[PDB]
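Protein chains in written order, with full-length UniProt numbering: chain A, 16 to 100; chain B, 351 to 400; chain C, 1262 to 1356; chain D, 201 to 300; chain E, 825 to 873; chain F, 4 to 36, 47 to 171. Working notes, structure below.
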Amino acid sequence: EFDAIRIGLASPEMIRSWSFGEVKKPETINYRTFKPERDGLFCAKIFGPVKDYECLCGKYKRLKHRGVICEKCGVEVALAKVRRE
Amino acid sequence: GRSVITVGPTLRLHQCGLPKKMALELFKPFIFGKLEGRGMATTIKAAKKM
Amino acid sequence: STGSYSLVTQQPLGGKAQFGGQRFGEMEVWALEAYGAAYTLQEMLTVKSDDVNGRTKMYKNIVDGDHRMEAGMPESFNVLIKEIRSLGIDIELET
Amino acid sequence: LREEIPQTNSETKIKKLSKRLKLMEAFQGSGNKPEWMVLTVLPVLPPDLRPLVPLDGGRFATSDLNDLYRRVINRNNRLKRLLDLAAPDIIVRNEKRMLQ
Amino acid sequence: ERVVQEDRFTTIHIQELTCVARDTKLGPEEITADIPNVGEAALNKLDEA
Amino acid sequence: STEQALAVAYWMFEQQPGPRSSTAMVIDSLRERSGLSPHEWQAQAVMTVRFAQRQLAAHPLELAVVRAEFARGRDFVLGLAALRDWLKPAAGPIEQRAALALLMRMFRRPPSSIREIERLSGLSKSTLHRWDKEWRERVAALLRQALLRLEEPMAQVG
DNA sequence: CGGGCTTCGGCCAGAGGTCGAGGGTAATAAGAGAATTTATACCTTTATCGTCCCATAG
RNA sequence: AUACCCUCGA
DNA sequence: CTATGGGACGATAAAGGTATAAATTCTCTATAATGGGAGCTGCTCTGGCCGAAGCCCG
């Protein structure tokens, strides 16, 4: 449970704490391959995986490691709902 | 759901008419539950078919 | 009865054509509040819409024939929280 | 401001200084820092809350949030790569105005 | 019931439904009756084209 | 198929419908080019799980094996505990932990290497390998028997 | 006679019923070619983990 | 399956 | 006479090399060209906000 929702100014430090990456590229999706690009507005490094419990390369497809981030695939494998938080 | 209303003069004050299709669509999970409880349907595909 | 919902806010779409449900807007919510009926209002704005983990569990309960209605928290409030945060003003809870 | 609040008997001035006191005490109590008003870093909305809903036929429908975010990102990238080469002051200030 | 029996207020409604053959990335979609996993009676209602 | 139906039912019971069809996933799918609805499919999965549990109630070991092979969460934990109780009744706490780790490794759960199991337990690789070889055959026989027993009721109930 | 001090006039913000229902419309042009990185593809080298023979402790 | 515009009903 | 730890074994997956074609961004072209343009005008009130102009005033 919870109560007493607060409102305040956002600190740059707490803004960093909120974020999961540094968006740096303006473009969103490549016209050739239809996956979000690095440092883009939909990048898997920052916002999460496109498919639930999957990574960019498919190095790990099993439904077992839900928090581990692969070596080649730095995009942590997790549930697709995480693109909302 | 919604529909045009119609006066029902044979209705008691506590009740209202409801079309067969609207009632069947709205109460679909209840119908599925009762069908499974009575055993008339085994799989939900059979219940949907009925 | 149940169907696809909007992708941003997990609410049923609108209009025969997209299936869709009628909206308990502000006035109908006020009408329910004027009645003492709070459980149907809470289930109406919580279980019938805007809750992912609530809809499926309520469907389960209806199929098994028990009406428990585990509440959860609407997804639209989460969307509001993230929008206000993206406006650069902090939101939290006192737990 | 508290010391100077009762010195002036003007109603308008006392009202303005009372509003000043209210804001200052609010900042002091609320744990809020005045420098946070000017954001040196801003967030970006999660992608599903600013989605691009593809139009049928292979087109993509971009939300206004995506357009605005793209504009901000482009102007920020322009800013860094024009300060790193020491562009003249006028164009630098114009770019800062555009980013604002 | 005469007004329905005499069929006075019946009306004819014509509605249209469309299909477009898009240039899909893998290939063009073809208007063919061999729909994959298609039942027989429904195919019987359809033609060869 | 009975195995496919059981696997799908277990997966749908373990995982809720999901927040939505992901917008990026939806966008990627729609730009790169079932008879029952989501809630209906989930209700079907629950009904199938209930039917499988009721039919296999005559053999607790078979139900535990099915839960371990397909189900997750509390059902997976119960199946693993029942398998440990059956295969290794008098195992010591270290032996019980090693057996549980090996059983989890059988179901692709972590740890994924017998070396990690030895590190977490201290058992010899020979004994662990022999135990795994025997348990794999025993569990395969039990699962085949359970599937054979449940195949007829699955076709009977469609 | 400057000066607080009240008052008034110009300027901007915000807000304006709900729920349907249907229909429609949504957004373009440098080539060359050099260069740099990156995903690919084959191959070798080391460790790892599945695997079984063997001596032995009870 | 997103926003405007138009038309219509209470 | 038997179960178990110990040690030997070996088939393969990962690690690194290591080039190699794709691919994807980067850099140039030399008559001259040296302040944009759609922007509504037919709300209505209320409310607040500054800023100026009289209004006491000692």
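Positions of the beta carbon are idealized from the N, C-alpha and C atoms, including for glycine.
| Asked | Found |
| --- | --- |
| Buried or exposed (CB count within 10 angstroms, at least 16 for buried), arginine 98/A | buried |
| Pair within 9 angstroms by beta-carbon distance, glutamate 1336/C and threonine 1270/C | yes |
| Under the three-state DSSP convention, the category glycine 367/B falls into | coil |
| CB contact flag (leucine 239/D, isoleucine 30/A, <9 angstroms) | yes |
| Within-9 angstroms CB hit, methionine 60/F to chain B | yes |
| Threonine 48/A versus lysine 849/E: straight-line alpha-carbon distance, rounded | 11 angstroms |
| Below-9 angstroms beta-carbon distance, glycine 48/F vs any chain C residue | no |
| Positions along the segment 1284–1317 of chain C whose CB lies within less than 8 angstroms of some CB in chain D | none |
| Cβ neighbour criterion (16 or more within 10 Å) applied to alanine 65/F | buried |
| Residues within the segment 30–58 of chain A neighbouring chain F, beta-carbon criterion of under 8 angstroms | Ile44, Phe49, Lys50, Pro51 and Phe57 |
| With 16 other Cβ atoms within 10 Å as the buried cut-off, status of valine 241/D | exposed |
| Bridge-paired residues (DSSP) for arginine 21/A | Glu1353/C |
| Where the segment 266–281 of chain D meets chain C: residues whose CB sits under 7 angstroms from a CB there | none |
| Helix, strand or coil at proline 51/A according to DSSP, with G and I counted as helix | strand |
| Straight-line gap, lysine 280/D to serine 26/A (C-alpha atoms, nearest Å) | 23 angstroms |
| C-alpha distance - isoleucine 859/E paired with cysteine 85/A, whole-angstrom precision | 41 angstroms |
| Residues within the segment 1262–1276 of chain C neighbouring chain B, beta-carbon criterion of under 7 angstroms | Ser1262 |
| Contacts of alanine 56/F in chain C (Cβ-Cβ under 8 angstroms) | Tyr1320, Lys1321 and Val1324 |
| Proximity below 9 angstroms, CB of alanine 59/A to CB of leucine 78/A | no |
| Close-in-space but distant-in-sequence residues of the same chain around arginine 846/E (CB under 7 angstroms, 5 per side omitted) | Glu853 |
| Min CB distance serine 32/F to chain C below 9 angstroms | no |
| Rounded distance between the beta-carbons of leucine 24/A and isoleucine 1350/C, thought under 8 angstroms | 6 angstroms |
| Neighbour-count burial assignment, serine 25/F, 16 or more Cβ in a 10 Å radius | buried |
| Which residues DSSP lists as bridging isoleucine 44/A, in chain order | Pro51/A |
| Three-state secondary structure assigned by DSSP to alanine 286/D | coil |
| Same chain only: Cβ atoms within 7 angstroms of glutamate 69/A, ignoring 5 sequence neighbours per side | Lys76 and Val92 |
| Three-way DSSP call (helix, strand, coil) for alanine 84/F in this model | coil |
| Cβ-Cβ separation, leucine 155/F to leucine 74/F (assumed contact under 8 angstroms), whole Å | 6 angstroms |
| The segment 1321–1339 of chain C in contact with the segment 52–59 of chain F per 3-pair CB rule at 8 angstroms | yes |
| Interface residues of the segment 16–32 of chain F facing chain C [CB-CB below 8 angstroms] | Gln19, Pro20, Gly21, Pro22, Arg23, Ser24, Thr26 and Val29 |
| Nearest-angstrom Cα separation, counted from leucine 283/D out to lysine 296/D | 10 angstroms |
| 8 angstroms Cβ shell around residue 46/F - same chain, five flanking residues per side excluded | Here chain F is numbered 36 followed immediately by 47, so the structure offers no position for residue 46/F. |
| Rounded C-alpha distance that separates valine 38/A from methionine 1334/C | 30 angstroms |
| Chain D residues whose Cβ lies nearer than 9 angstroms to that of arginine 846/E | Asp256, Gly257 and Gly258 |
| Whole-number beta carbon distance between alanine 112/F and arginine 97/F, since they are thought to touch under 8 angstroms | 5 angstroms |
| Cβ-based burial, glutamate 28/A [other Cβ within 10 Å; buried from 16] | exposed |
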